[PDB]
């Protein structure tokens, strides 16, 4: 089955940017629930239960009709949160090949940042903002709810391999930021883990 992953850090490691109370709730309650609900749906599907979550969400088309929504939502949630935790760290510097590719595809890092903040801010309701690689080009996309670009365009309205992303569900920012999602988005630049983004880019470029 799926399990709630251990984190790369203690819950307080992203202070003073992301609050430690939210980190703990978000991991132990929200993420745990997606794991639990995905596992419940996979119990009757032993041919699907063994797959890594990041692979199963690329294969939702192959599921029985009555399993597609619950696994989209809950396997999407598990995949997305697993990426999110790995994708946060203080003290990194955008550099190297990923920096150059961002400058190439967006014209500058600041142009990219403005585009990413706009996508993150304009996702109305629950969802995620992503930096993806499509082939050879980086792009900013957003998804609804627990959809992922790994699910493809038909399902999610987006596609590409997610280099990094930002959770814009209200549970991710309500305690510290209330409705001020733009303020939360600003703090994300202090904690986006460019080292992990760079490693993912190196594997896929």
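Positions refer to the first chain, counted from 1.
*Asks:* Highest mean C-alpha temperature factor of the two stretches 60 to 68 and 138 to 146, which is it?
*Replies:* Stretch with the greater average CA B-factor: 60 to 68.
*Asks:* Averaged over C-alpha atoms, is the B-factor higher for 25 to 33 or for 44 to 52 in this PDB entry?
*Replies:* Comparing 25 to 33 with 44 to 52, the higher average CA B-factor belongs to 44 to 52.
*Asks:* Out of 78, 99, 118, 86, which one has a C-alpha B factor higher than all the others in the entry?
*Replies:* Top of the list by C-alpha B-factor: 118.
*Asks:* Looking at 132, 114, 129, 94, which has the highest Cα B-factor in the entry?
*Replies:* Of the candidates given, the C-alpha B-factor peaks at 114.
*Asks:* Going by the CA temperature factor in the PDB record, which third of the chain does residue 204 belong to: lowest, middle or highest?
*Replies:* For residue 204, the deposited C-alpha B-factor lands in the middle third.
*Asks:* Could you place residue 162 in the lowest, middle or highest third of its chain by Cα temperature factor, using the values in the record?
*Replies:* It belongs to the lowest third of the chain when residues are ordered by C-alpha B-factor.
*Asks:* Going by the recorded CA B-factors, say which third of the chain residue 172 sits in, lowest, middle or highest.
*Replies:* Its C-alpha B-factor, which the entry lists for residue 172, ranks in the lowest third among residues of this chain.
*Asks:* Check where residue 122 lands among this chain's C-alpha B-factors and tell me if it's the lowest, middle or highest third.
*Replies:* It falls in the middle third of the chain.
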